[PDB]
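Shown next, in structure tokens, is the structure this report addresses.
Number of protein chains: 2
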Amino acid sequence: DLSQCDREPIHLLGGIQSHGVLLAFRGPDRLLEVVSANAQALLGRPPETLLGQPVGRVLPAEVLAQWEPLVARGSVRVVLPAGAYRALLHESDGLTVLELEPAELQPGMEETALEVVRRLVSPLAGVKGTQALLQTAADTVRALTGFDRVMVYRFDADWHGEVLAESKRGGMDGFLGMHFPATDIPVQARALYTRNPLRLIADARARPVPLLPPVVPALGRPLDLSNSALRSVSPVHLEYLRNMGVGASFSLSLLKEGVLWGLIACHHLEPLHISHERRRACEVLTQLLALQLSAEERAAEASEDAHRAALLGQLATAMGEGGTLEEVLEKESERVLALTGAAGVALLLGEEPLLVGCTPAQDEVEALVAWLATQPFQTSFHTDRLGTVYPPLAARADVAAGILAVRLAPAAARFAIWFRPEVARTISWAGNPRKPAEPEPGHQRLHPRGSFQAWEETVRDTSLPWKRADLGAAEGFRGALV
Amino acid sequence: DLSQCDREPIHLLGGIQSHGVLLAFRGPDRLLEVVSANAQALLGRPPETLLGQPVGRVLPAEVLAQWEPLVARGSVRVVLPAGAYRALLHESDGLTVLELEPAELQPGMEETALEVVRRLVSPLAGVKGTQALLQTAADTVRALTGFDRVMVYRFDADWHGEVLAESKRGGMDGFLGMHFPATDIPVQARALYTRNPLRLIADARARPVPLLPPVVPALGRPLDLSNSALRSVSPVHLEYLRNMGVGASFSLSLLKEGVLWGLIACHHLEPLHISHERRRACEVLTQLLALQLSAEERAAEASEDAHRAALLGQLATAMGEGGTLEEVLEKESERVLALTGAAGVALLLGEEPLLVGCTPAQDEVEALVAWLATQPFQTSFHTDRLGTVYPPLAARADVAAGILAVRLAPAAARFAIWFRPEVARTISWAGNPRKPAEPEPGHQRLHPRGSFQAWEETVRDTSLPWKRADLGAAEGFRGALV
Ligand SMILES: C=CC1=C(C)/C(=C/c2[nH]c(/C=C3N=C(/C=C4\NC(=O)C(C)=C4C=C)C(C)=C\3CCC(=O)O)c(CCC(=O)O)c2C)NC1=O
Ligand SMILES: C=CC1=C(C)/C(=C/c2[nH]c(/C=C3N=C(/C=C4\NC(=O)C(C)=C4C=C)C(C)=C\3CCC(=O)O)c(CCC(=O)O)c2C)NC1=O
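Chains R and S are the protein sequences, given in the same order. Sequence positions in the first sequence follow the UniProt record's numbering and run 9 to 490. Sequence positions in the second sequence follow the UniProt record's numbering and run 9 to 490.
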């Protein structure tokens, strides 16, 4: 339901955060086209007067002095009478956007940055699980930033999330282990955070600073702030932070292999600015964790295939030890079941269902089986909530919540089918998930939920999901039973 | 071990490098037990007059002031009359070793390392090969250190090596593509360089500074300088470097999944000293490269298994369909050879052999078959130098330099054998690999070779090696064939 939450144009809200100043210039003269309403505090003149002027008549010589590395390298530290500032240049809507926010003052920031970086490479990580991997990343972002709480947030396949790891001050409330609606981060935001992987909300109570004029005159809409570091966020989201007790918020996108794996979310009870130089040091940590997780995941899946393939080879040696169909399956029952991590297996080598292990009754097999041939799957069909797909068996989640069947013949319907029983899982949603928002009457005004306390839910009638190794093992068993 | 090369106790040579000072204290009084002979250059008093004195009376006040963080963190910057120094503590032979070394002078050093760390962690690495991954490792290590030439050196299975990548300042000889004998880095060095990942030789012309006494009086041998940043290196190597025309040398160990994969080797035409803190920055880069290589490599091998398994998946459909064995083993011939990257396959499934593709003649295969049935292998056997283990086919490197064989039956001689042809290769050694050293008459003193000029060698009668995927595919195919 592409609803109110997904429709807000969070890049065209036309305001910025108060700790910074934004200028935008057009054309060969670099004439001031747009300017934030608070620019007097740095430029010494009312912003209204500066509109339309050449850039040499607007910026101080300090900033203009560093224009070329600004343009080349994208950012420079300038020292102005007001103090040390970071200047950030990008292009948006055919304008040259210039943003100025307070520079990093801690001289040894990069030295400490390099030290935590060492902690996230080390010899080997994940040494007691990729769990210890996330906990290090959480602890190092928190060491580097000073945020009262830091959490590693992963997306599920339906874009809801759970906090997997957490590093926070003593006496802080936590969120470790809970799940959050997919609508807490709607579709257009995930889209943006796939492009722009950083965001600081320095003070969740502050007023947003408007831009002048409110529309880019040639465009008829406000300036696109997709890449702005000062961009003020959805007012819906500010209300969510305050409903949470949060005063400052800083988050970074974990992009694993081009996709949006999750987030590193940081909370501070009080307003808190983090310099751009230091936000970029944190970005290095998140790219490093994304690298550590790919290499451990790929190593785990290799070890998985190695175990399955040893099983397959032990099955081959068995069959190659005497003309003996239904009996070697009987004699190698665990290996046929562990092939795909199953609890039973129906083998339709044609005649009668040969039922091994923990299986439904014979009739129920054939009925499941008749129904299977009429499906548009090539060599294999798999599911974890069978009963959703076939309620003739919805009451047998004791033995067949999930199934994995490979077609043993092209035409005709010989099958091997592995069965899995349900595993009940309790999950703690952070708030009642049936009511994730609060609409006013008329439904044109949405609000975040008011509560986040654990709202608990047990899931039934779904099995453990069929992993990639289970599928590959199934393909191989089919390879040797033809 | 073989050569006298392997016998040199390079950790007990008894000297340090002249740009630093080493001091070793024993026992609760921190009495001075061992000190380098140049220690007056930083302490005022004659070193021998200091042996047997408490630490409090021998060290300058500047060093003593920093004593507690030095004991805690194990490294510390102190400002001495002779300049800024880095102080390091380690333990060796029941003594507390203190080494002094000139410190880093560029205050923006770590900001520079943090930027190049971004270059190397950057997602979408290797998107023009692991080869472009290595080139970036050389280029950034060269950027961070300023050496005239930085090379990337990979060890082969016999521990000879080749330079896979190279970054060097313009107008300088290179070594890209060349190979170097295993004896160039002898066995005790490879062992030491596994557990000690850095070495700096700052001045290849300099004489070492001796320790006093020449032995630890308790032990009757020199102080173990294994973990010493100032250790003076084997004179045979110092001669090697001078023969190479190198004035300073610095190298780092590439450790990948715990074993010594190779080195990043740095040469300077002139003496040059890298700070400890800058050396530790380069170490960050190498653990990065190691990590980038593991994820890329396990990515490649998983992509490979995927193609093999798709071949296997399509073989299984060809079976379980029309006809006999040899029938389908004739349309799918291209897949059967492809399974293992091979130009031929012989199939012994009962009658005469089934020869598919480019194979040696039926009598030769029958002769090879009977010899295979008497060898200590369980299901698979493979080689890439068939002729040097089976001379009957040494002449047939045109069709059978490599074989890969699987048993399709236990106590029986049922086999699938894949053949490969020779693939000739032109190695360029850095000098004559038959004379990799110039020994003196009576063979008591060795010297490195005099020349490193390109020296060609062609390797015949060897096939392309059998990779994990090849082996994996073969076993899976045996799975299919009862
Ligand atoms: C650990 C748990 C946790 C979650 C799940 C979380 C959600 C979350 N919501 C966000 C933004 C957002 N949330 C919303 C909208 C909504 N949000 C709602 O709950 C409903 C009511 C709507 C809409 C009807 C929008 C539009 C943004 C984008 C803010 C912006 O970039 O403008 C962000 C990015 C901004 C930031 O880092 O603070 C996060 C991390 N924050 C956390 O700490
Ligand atoms: C371009 C490729 C390339 C190679 C292959 C190379 C070899 C090499 N030899 C080394 C050490 C060494 N080499 C030797 C010994 C020998 N060496 C000989 O050729 C024979 C004569 C002996 C002995 C019989 C020893 C003993 C060491 C250990 C040095 C030490 O740490 O004390 C080292 C480590 C120290 C350093 O980085 O300088 C390298 C890199 N250097 C390069 O740049």
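For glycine and all other residues, C-beta sits at the position ideal for the given N, C-alpha and C.
- In the three-state scheme derived from DSSP, where H, G and I count as helix and E and B as strand, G137 of chain R is classed as helix.
- C-alpha of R433 of chain S to C-alpha of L296 of chain R: approximately 38 Å in a straight line.
- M159 of chain S is bridged by DSSP to S:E174 and S:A273.
- Taking a 10 Å sphere around the C-beta of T153 of chain R, we find 16 or more other C-beta atoms and assign the residue as buried.
- At a cut-off of 7 Å between beta-carbon atoms, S302 of chain R makes contact with chain S.
- In terms of Cβ geometry, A32 of chain R and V105 of chain R form a close pair [threshold 7 Å].
- Annotation for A32 of chain S: the continuous beta strand (DSSP E) segment containing it runs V29 to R34.
- The beta carbon of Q12 of chain S sits closer than 7 Å to those of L454, all from its chain and outside the five residues before and after it, given in chain order.
- Note that the C-beta distance between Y201 of chain R and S261 of chain R is below 7 Å.
- Residues of chain S with a Cβ closer than 9 Å to the Cβ of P418 of chain R are, in chain order, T325, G328 and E329.
- The beta carbon of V124 of chain R sits closer than 8 Å to those of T148, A151, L152 and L293, all from its chain and outside the five residues before and after it, given in chain order.
- Per DSSP, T348 of chain S is not a residue of any beta strand (DSSP E), being assigned neither H nor E.
- The C-beta of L260 of chain S comes no closer than 7 Å to any C-beta of chain R.
- Sorting R:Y398, R:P279 and R:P189 by C-alpha distance to the C-alpha of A214 of chain R places R:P279 at the top.
- Among the CB atoms of chain R, none fall inside 7 Å of the CB of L51 of chain S.
- Counting the other CB atoms within 10 Å of its CB gives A350 of chain R a total of 16 or more, which places it among the buried residues.
- If the five residues before and after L345 of chain S are omitted, its C-beta is found closer than 8 Å to the C-beta atoms of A351, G352, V353, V364, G365 and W426, all from its own chain and listed in chain order.
- With respect to the C-alpha of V66 of chain R, the residue from R:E76, R:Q139, R:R81 and R:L50 having the closest C-alpha is R:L50.
- Non-local C-beta neighbours of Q322 of chain R in its own chain, meaning closer than 7 Å and more than five positions away in sequence, comprise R343, ordered along the chain.
- Boundaries of the beta strand (DSSP E) around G410 of chain S: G410 to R415.
- Between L238 of chain R and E109 of chain R, the beta carbon gap of about 6 Å places them in contact (Cβ cut-off 8 Å).
- Interface annotation for the region 116–128 of chain R against chain S: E118, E119, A121, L122, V125 and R126, criterion Cβ-Cβ distance under 7 Å.
- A95 of chain R has R:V84 and R:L108 as its beta-bridge partners, per DSSP.
- Where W426 of chain S is concerned, there is no enclosing alpha helix (DSSP H), although the beta strand (DSSP E) around it starts and stops at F423 to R428.
- Sequence-distant Cβ neighbours of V86 of chain S in its own chain, meaning closer than 7 Å and more than five residues away, are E70, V71, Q74, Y93 and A95.
- Using a Cβ-Cβ cut-off of 7 Å, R306 of chain R counts as an interface residue toward chain S, since at least one Cβ of chain S sits closer than that to its own.
- Within the same chain, and ignoring the five residues on either side of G458 of chain R in sequence, the residues whose Cβ sits closer than 8 Å to its Cβ are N251 and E446.
- Three or more Cβ pairs closer than 8 Å define a contact, and the region 135–149 of chain S meets that threshold against the region 171–178 of chain S.
- For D313 of chain R, the chain S residues whose C-beta falls within less than 9 Å of its own C-beta are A310, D313 and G480, listed in chain order.
- For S388 of chain S, the enclosing beta strand (DSSP E) stretches over residues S388 to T391.
- DSSP places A256 of chain R outside any alpha helix (DSSP H); the residue lies instead in the beta strand (DSSP E), whose first and last residues are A256 to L263.
- When C-alpha distances from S283 of chain R are compared across R:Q114, R:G410 and R:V129, the shortest belongs to R:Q114.
- Checking the 6 Å criterion, the Cβ of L454 of chain R is within range of a heavy atom belonging to ligand 1.
- With contacts defined as CB atoms closer than 7 Å, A409 of chain S and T470 of chain S qualify as a contacting pair.
- At least one CB of chain S lies nearer than 7 Å to the CB of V490 of chain R.
- Taking 3 residues as the minimum length, the beta strand (DSSP E) runs contained wholly in the region 427–475 of chain R are 433–438, 445–447, 454–456 and 462–467, in order along the chain.
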